[PDB]
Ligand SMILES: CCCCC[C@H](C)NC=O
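A single chain, nothing else alongside it, follows as structure tokens in the form solved without this ligand.
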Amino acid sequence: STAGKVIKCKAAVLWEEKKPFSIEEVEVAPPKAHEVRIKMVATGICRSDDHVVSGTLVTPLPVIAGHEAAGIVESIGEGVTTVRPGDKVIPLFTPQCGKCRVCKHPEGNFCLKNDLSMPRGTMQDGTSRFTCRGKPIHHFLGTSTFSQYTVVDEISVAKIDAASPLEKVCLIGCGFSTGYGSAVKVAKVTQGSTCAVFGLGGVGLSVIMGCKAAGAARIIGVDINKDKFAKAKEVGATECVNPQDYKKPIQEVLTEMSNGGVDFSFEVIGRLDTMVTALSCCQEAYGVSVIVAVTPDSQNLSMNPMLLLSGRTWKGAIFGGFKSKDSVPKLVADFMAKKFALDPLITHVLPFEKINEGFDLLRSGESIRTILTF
């Protein structure tokens, strides 16, 4: 009925930088070999999407953004073997080709087939399945979830539980998985340990949740906005510290509080200064500090390697260090198994068409996470 031919639908198009999203009638081309066409059900608004808008994250324009979502597969191309029409699916902004050195390496997940490093803004074959008035529209990280229908390469989609709430499990496409994974997979937080999370936004809450899952005894939440503390404690935070309430430097406060430094610290804001703070505040001989996010508009941090010589470990990851296709389904499984909540993160729900409004909520910071329903 719809398989095999072009689909006319609405999508959120960004024609230029620092411009609101324009709701356009686009033509989504059918999936070629090893491609999957998805009917979007719910997509989240992540800060990285806003980074496209502000030109911070350089990627080809015009483009259809979005990378945190879920939906239903309407059809598949010839060769697609991992998903079938009707399957609930979550697109992967970080691929899992399962062939490159990385996918084969037990510690890597940043698949070399990604479009993050050197953005092309296309499907794997270098072309686009998007057109708006005959004009071509770029893809975003091989996902482009800001559309009623999108087309992704097979390596960029994972089949999930056929009974999962897409309005909720979409956070596994990025937000939740990133924070949670940073604690559980990346940092590998241990029981009885003390953790310090910098930034209590959606991702910070996910990290906290990861620490709580890992059995941390103390989860010190750090943020200058007191309004984020209740949600924090609610998700696991044992304590909350607002740096503006202190005269002494924050690492000094965190060091003393942890009687010598924390076990694991995570920076989730993307701030160069707090990145060094987080690192310092963890015990000098065996602390681990995790970089969960870094703003695209590159700027170097200034740090003394002496902080590392004593024994500290500094490391970051993308998508919580999870191998996308293998992890996503399991994470949805663990959600369906009540192993963690997603609702504490979902703070606003808007119809897809009010996307701009959702971004206004983001920029104002009065939002933890907005979900656009189609």
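Residue indices: 1-based, along the sequence shown.
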Report summary line: Averaging the C-alpha temperature factors as deposited, the higher value of 324-332 versus 302-310 falls on 324-332
Query raised in the report: So 285-293 or 228-236, which one's hotter by mean CA B-factor in the entry?
Result: 228-236
**Report entry** C-alpha B-factor winner, where the candidates are 92, 118, 275, 200
**Finding:** 118
Requested in this report: Specify which of 267, 263, 107, 153 carries the largest Cα B factor in the deposited PDB entry.
Outcome: 107
Requested in this report: Please place residue 66 in the lowest, middle or highest third of its chain by C-alpha B factor as given in the entry.
Outcome: lowest
Requested in this report: For residue 20, return the chain-relative third of its C-alpha B-factor as stated in the PDB record: lowest, middle or highest.
Outcome: highest
Query raised in the report: Within this chain, which third does the Cα B-factor at residue 125 fall in: lowest, middle or highest?
Result: middle
Query raised in the report: What third of the chain, by the recorded C-alpha B-factor, contains residue 192?
Result: middle
Query raised in the report: Based on the entry's values, in what third of the chain does the Cα temperature factor of residue 46 lie: lowest, middle or highest?
Result: highest
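Although it is not shown, the form deposited with this ligand bound is what the next lines describe.
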Query raised in the report: Is residue 294 close to this ligand in the deposited complex, meaning a heavy atom pair under 4.5 Å apart or at it?
Result: yes
Query raised in the report: Counting only non-hydrogen atoms and a 4.5 angstroms cut-off, does residue 70 reach this ligand in the deposited complex?
Result: no
Query raised in the report: Does residue 141 make contact with this ligand in the deposited complex, using a 4.5 Å heavy atom cut-off?
Result: yes
Query raised in the report: Is there a non-hydrogen atom of residue 332 within 4.5 angstroms of a non-hydrogen atom of this ligand in the deposited complex?
Result: no
**Report entry** Among the candidates 28, 36, 328, 46, the residue which, in the deposited complex, approaches this ligand to within 4.5 Å (heavy atoms)
**Finding:** 46
Query - Sole residue of 157, 208, 174, 282 within 4.5 Å of this ligand in the deposited complex, by heavy atom - result: 174
Query raised in the report: Looking at 211-219, 162-170, 187-195, 114-122, which one sits within 4.5 Å of this ligand in the deposited complex if you count heavy atoms only?
Result: 114-122
